[PDB]
Amino acid sequence: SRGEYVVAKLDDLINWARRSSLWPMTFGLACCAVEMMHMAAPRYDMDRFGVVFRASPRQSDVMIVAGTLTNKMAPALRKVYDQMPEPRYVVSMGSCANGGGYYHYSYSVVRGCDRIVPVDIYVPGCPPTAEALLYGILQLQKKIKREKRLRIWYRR
Amino acid sequence: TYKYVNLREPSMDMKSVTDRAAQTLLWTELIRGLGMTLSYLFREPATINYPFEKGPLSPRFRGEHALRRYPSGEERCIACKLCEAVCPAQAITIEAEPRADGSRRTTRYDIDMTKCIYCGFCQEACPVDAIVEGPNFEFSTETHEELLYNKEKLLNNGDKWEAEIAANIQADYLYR
Amino acid sequence: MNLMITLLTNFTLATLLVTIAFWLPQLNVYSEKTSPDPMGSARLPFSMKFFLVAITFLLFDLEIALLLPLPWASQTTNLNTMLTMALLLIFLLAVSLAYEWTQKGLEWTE
Amino acid sequence: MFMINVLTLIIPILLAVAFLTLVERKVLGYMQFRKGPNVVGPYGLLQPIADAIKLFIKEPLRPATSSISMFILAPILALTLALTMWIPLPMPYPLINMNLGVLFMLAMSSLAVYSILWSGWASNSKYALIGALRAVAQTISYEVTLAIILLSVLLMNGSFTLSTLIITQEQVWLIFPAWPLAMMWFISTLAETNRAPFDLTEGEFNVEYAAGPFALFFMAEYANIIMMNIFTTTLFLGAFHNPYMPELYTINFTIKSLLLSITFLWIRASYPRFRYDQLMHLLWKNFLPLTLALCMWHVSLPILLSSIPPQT
Amino acid sequence: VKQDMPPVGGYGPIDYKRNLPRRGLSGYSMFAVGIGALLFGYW
Ligand SMILES: CCCCCCCCCCCCCCCCCC(=O)OC[C@H](COP(=O)([O-])OCC[N+](C)(C)C)OC(=O)CCCCCCCCCCCCCCCCC
Ligand SMILES: CCCCCCCCCCCCCCCCCC(=O)OC[C@H](COP(=O)(O)OCCN)OC(=O)CCCCCCCCCCCCCCCCC
Ligand SMILES: CCCCCCCCCCCCCCCCCC(=O)OC[C@H](COP(=O)(O)OCCN)OC(=O)CCCCCCCCCCCCCCCCC
Ligand SMILES: CCCCCCCCCCCCCCCCCC(=O)OC[C@H](COP(=O)(O)OCCN)OC(=O)CCCCCCCCCCCCCCCCC
Ligand SMILES: CCCCCCCCCCC1=C(C)C(=O)C(OC)=C(OC)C1=O
Ligand code: SF4
Ligand code: SF4
Ligand code: SF4
């Protein structure tokens with residue numbers, strides 16, 4: 004129909020603006036912060052994708068959980084997650100954020116950050132390289148590109 | 011065998027005093043900093059065009075795991091569980107039995123890719139080059155359990171990447 | 003009249019942009035947020051130094067207000083008196099600054 | 097017809113502020129041995145459009161405001177004062193040609209701290225209020241040397257008329273008789289707009305605003321940056337004006353103001369931040385004594401040389 | 011044997027000291043250029 008075409012083009016517009024202007028808040032927990040700092044370094048350069056370097060946690064669009072989540076900091080992670088405006092996304096970077104990793108059987112480690120926050124992209128590695136993290140960010144952009152918020156709103 | 015950083019007593023003749031005061035009043039080192047930043051403005055940047063251009067890797071690179079095969083179709087894993095005894099993360103779960111022709115073969119070969127520390131002790135502990143840690147690093151998933159590989163996923167990674175894995179092992183095996 | 007139209011246009015554009023910023027994303031039916039700082043709940047401690055730099059601003063801005071007719075005052079016929087009083091005003095501003103210095107008024111915001 | 101002239105002033109201000117963000121990210125990219133944005137548009141040209149559409153559909157941050165009214169008025173006042181600083185600017189003819197355009201700009205820039213102060217008090221955070229008081233004290237501090245340097249330079253102009261300041265500089269740029277006033281002016285206007293190395297709002301006040309109103313504060317701040325570079329260009333680097341071809345002056349002051357805005361972008365990618373007391377020390381103990389001494393010199397100097405400029 | 015080794019004469023010399031090349035005029039010359047710019051502006 005006509006309105007279906009309108010909500011299709013508006014979904015394309017707002018998904019374009021949301022994937023082409025991702026603002027990340029990176030939790031620099033552990034060694035994966037070093038490789039995020041390489042994904043911001045000149046070779047890979049997140050900023051040329053519109054992915055800025057270190058937005059504040061209240062204007063950021065995606066939370067990159069880069070490192071080991073312990074039991075002592077998991078409520079702070081959930082607090083920063085709850086304080087993000089929607090649409091908010093979570094990239095889990097590295098094995099400790101994904102599933103506990105090398106500290107999986109530890110007494111003081113949350114076995115994956117997905118016990119705490121809903122995770123969109125799981126980026127595997129110890130650490131995953133800056134190229135692999137940039138792959139995960141572009142896969143997040145492709146996930147945003149196929150969102151159907153207004154088409155489902157029009158069909159409800 | 012040692013040196014003194016910042017132990018320079020400055021000169022007090024009118025030449026050096028007026029040099030330091032001209033540096034204070036005319037901002038010489040600030041223009042030196044602006045000159046260095048302006049020098050990098052006209053350099054060619056170091057940015058590669060990902061995904062079209064790729065970062066350089068070596069044949070030793072430790073990425074996604076793969077169970078290999080001999081050059082007849084027979085799989086190399088003879089169910090010996092050295093890769094899970096050596097595994098620092100206990101990411102490898104192995105269960106075995108004799109199959110229908112009497113070969114010592116696995117039925118369960120799981121790797122939890124979210125426990126794995128990607129250190130490659132499994133490929134260097136493997137006596138028959140069955141488990142390798144191949145060159146794929148672009149395998150991010152959208153769900154946690156898609157990073158929980160069974161034997162089918164790992165043998166499919168072997169069949170998927172063997173044309174590359176065999177050449178990397180061919181380039182590196184005389185260092186091993 | 004052109005200036006009043008210009009001021010009204012700029013205020014109307016600013017109010018239109020502020021209304022779009024405060025009401026266009028309100029139409030998002032996202033979610034109700036449950037339970038929406040370095041100091042927790044302590045009172046704001048009064049800083050004497052912030053008030054001191056504000057009053058020093060106010061007094062030197064008054065001395066600036068005395069200095070502001072100088073591009074018109076250079077046109078006078080009584081130039082010796084004008085030059086003496088101009089140098090005396092800038093000198094009294096400098097004496098205010100020197101007294102603010104030497105009695106430790108410019109400290110920890112120097 | 098005058099309304100068309102007001103629109104052709106205020107809409108290209110917004111467009112140049114929109115693309116100044118792209119120029120900042122690109123110039124800071126290449127000065128950091130990387131690139132700036134080049135994926136979202138052809139050569140990155142659609143990055144500010146994408147970012148504006150992103151911010152205007154982001155969730156409102158929904159703060160508990162102390163005063164609702166001042167929380168609304170601080171972006172309104174910031175944008176209104178950011179737009180009204182352009183109307184006496186002679187390029188080569190201003191929108192509002194007035195006899196006291198310099199003093200008008202100094203007044204409307206003195207009024208700009210109420211937006212910072214009202215945004216700081218209208219937030220319930222005491223930390224945001226402390227940051228707002230620091231930013232207001234910083235800005236009102238450097239307004240002192242703005243006023244005195246500006247007075248000392250206009251002692252060579254004869255009036256507060258901005259259009260007379262082009263006639264003043266037809267034989268020489270006014271930076272040649274007044275380069276120490278120029279360099280202290282340039283650092284003081286760098287400290288007016290909370291711009292690096294004087295950006296203690298980013299170093300560890302409007303953090304409770306949603307993405308829309310924070311974008312409005314951001315664009316008012318960049319309108320102030322472009323405007324103060326244009327005002328510094330007219331004030332110290334006055335271009336040639338042929339009255340039969342005004343576009344010569346317009347192209348010339350545009351090139352000079354673009355170079356000066358890039359010079360702001362080039363300062364912010366070169367130096368670390370001051371500590372708060374260090375730029376207070378820079379104002380009250382370095383810039384203000386030389387500013388007063390040069391004010392005495394530029395009072396007494398047209399009298400001792402017989403170079404008093406005309407009143408009209 | 012075949013092994014990663016330095017070449018037969020070794021490598022060349024590698025610089026490792028501070029090299030800040032001391033550019034610019036003297037302070038006398040910098041105040042001279044500044045005062046000359048002031049005098050040209052005043053004239
Ligand atoms: C308009 C176009 C641009 C104009 C030029 C500006 C472009 C260059 C910008 C460079 C980057 C700057 C980044 C921010 C830097 C802030 C810090 C800084 O510089 O602080 C200023 C510093 C501060 O001092 P300081 O901190 O460096 O030194 C230590 C100071 N104490 C001891 C107090 C701690 O210097 C000044 O304040 C100088 C201001 C300008 C001086 C002008 C003097 C002119 C010459 C007068 C005559 C001299 C001879 C004697 C008389 C002769 C008579 C015949
Ligand atoms: C009645 C029906 C119509 C309903 C209303 C809609 C009116 C028109 C709205 C704009 C156009 C809508 C379509 C949006 C794009 C859809 C196609 C798309 O996504 O193309 C992708 C392409 C880039 O491909 P990408 O996926 O980014 O690849 C990465 C690099 N290989 O993307 C590109 O090449 C760039 C896409 C740019 C999108 C358009 C430009 C921005 C929007 C301008 C208008 C709105 C804003 C106006 C000004 C705001 C303030 C400045
Ligand atoms: C004073 C001057 C100020 C200038 C400000 C702006 C500067 C930049 C101007 C724009 C420069 C070019 C921009 C091109 C954007 C990318 C367009 C594009 O390629 O979109 C492709 C997309 C998908 O198309 P599709 O059919 O799927 O393609 C498959 C092909 N087999 O299709 C789409 O996305 C749909 C088409 C979208 C078109 C959007 C065009 C950009 C609009 C920007 C706003 C400003 C317009 C210019 C204003 C000044 C000039 C009047
Ligand atoms: C909290 C409330 C909302 C806050 C946001 C909005 C308000 C703040 C931002 C706007 C500030 C407005 C400033 C208005 C007056 C500025 C001074 C002025 O007009 O100077 C220009 C000019 C003097 O130059 P001259 O050349 O001498 O005059 C022409 C004759 N030759 O003089 C003229 O040309 C005179 C022209 C006729 C008289 C104009 C009177 C204007 C209307 C009254 C003031 C409007 C603002 C009131 C509220 C201010 C709040 C700060
Ligand atoms: C409708 C006219 C434009 C409205 C304002 C939105 C676009 C300009 C500001 C956006 C912005 C950009 C581009 C930006 O790059 C940025 O990061 C440095 C911001 O946050 C501090 C911004 O707010
Ligand atoms: S997944 Fe491994 S390398 Fe990455 S942050 Fe964790 S411990 Fe460090
Ligand atoms: S992969 Fe290698 S080390 Fe592991 S059980 Fe099989 S044969 Fe043994
Ligand atoms: S790379 Fe290391 S942690 Fe991963 S499966 Fe092999 S031995 Fe285990």
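Chains as they are written, first to last, in the working numbering: chain A, 4 to 159; chain B, 11 to 186; chain C, 3 to 112; chain D, 97 to 408; chain E, 11 to 53.
We put the beta carbon where it would ideally sit given N, CA and C, even for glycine.
Item	Value
Residues that DSSP places opposite B/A76 in a beta bridge	B/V142
Residues in the stretch 129–143 of chain D having any Cβ partner in chain B nearer than 7 angstroms	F129, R130 and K131
Own chain partners of D/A174 with C-beta closer than 6 angstroms, once the 5 adjacent residues on each side are dropped	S211, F313 and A316
Stretch pair the stretch 80–99 of chain C + the stretch 50–66 of chain C: three plus CB contacts closer than 8 angstroms	yes
7 angstroms Cβ cut-off: residues of chain A touching D/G308	Result: empty, since nearest Cβ-Cβ is about 11 angstroms, beyond 7 angstroms.
Own chain, CB closer than 8 angstroms to residue 48 of chain D, minus 5 neighbours either side, in chain order	This structure does not reach residue 48 of chain D, given that chain D is present from 97 up to 408, and the question cannot be answered.
Expected contact under 8 angstroms - CB spacing of D/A224 and D/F294 to nearest Å	The Cβ separation is near 19 angstroms, so there is no contact.
For D/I283 and B/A32, the rounded distance between their alpha carbons	18 angstroms
Segment limits, alpha helix (DSSP H) that includes D/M280	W275 to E288
Exposure label - B/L48; buried when at least 16 CB within 10 Å	exposed
Bridge-paired residues (DSSP) for A/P27	A/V65
Pocket of ligand 2 (residues with CB nearer than 5 angstroms to any heavy atom), chain order	A/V9, A/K12, A/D15, A/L16, A/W19, D/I145 and D/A148
Alpha-carbon spacing of D/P184 relative to D/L177, whole angstroms	13 angstroms
Coarse secondary structure for B/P108, derived from DSSP in three states	strand
Where A/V37 falls, given that 16 or more other Cβ within 10 Å makes a residue buried	exposed
Own chain partners of B/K91 with C-beta closer than 6 angstroms, once the 5 adjacent residues on each side are dropped	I104
Alpha-carbon to alpha-carbon, D/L199 and D/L258	10 angstroms
A/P127 vs A/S98 beta-carbon contact at 8 angstroms	yes
Paired residues, beta bridge with B/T151 - DSSP	A/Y125
Closest by C-alpha distance to A/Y47, when choosing among A/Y157, A/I140, A/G31 and A/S109	A/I140
CA-to-CA distance, D/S403 to D/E266, given in whole angstroms	15 angstroms
C-beta atoms of A/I124 and A/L72 nearer than 8 angstroms	no
Beta-carbon separation (whole angstroms), D/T330 vs D/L261, contact threshold 8 angstroms	6 angstroms
Where B/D29 falls, given that 16 or more other Cβ within 10 Å makes a residue buried	buried
CB contact below 8 angstroms: B/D120 versus chain E	no
Members of the stretch 139–161 of chain B near chain A, C-beta cut-off 8 angstroms	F147, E148, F149, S150, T151, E152, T153, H154, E156 and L157
D/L142 CB to nearest heavy atom of ligand 3 below 7 angstroms	yes
Heavy atom of ligand 4 within 7 angstroms of C/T14 beta-carbon	no
Residue range of the alpha helix (DSSP H) that includes B/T116	From DSSP, B/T116 is part of no alpha helix (DSSP H) but of the beta strand (DSSP E) over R114 to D122.
Neighbourhood of A/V113 by C-beta distance below 7 angstroms, restricted to the same chain and skipping five residues each side	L72, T73, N74, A77 and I119
Distance between beta carbons of B/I175 and B/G144, contact taken as under 8 angstroms	5 angstroms
Reduced DSSP category for A/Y105 - H, G, I as helix; E, B as strand; rest coil	helix
B/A99 Cβ short of 7 angstroms to ligand 7 heavy atom set	no
Rounded distance between the beta-carbons of B/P55 and A/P45, thought under 8 angstroms	6 angstroms
A/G115 beta carbon near ligand 3 (any heavy atom closer than 7 angstroms)	no
For B/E85, three-class secondary structure by DSSP	strand
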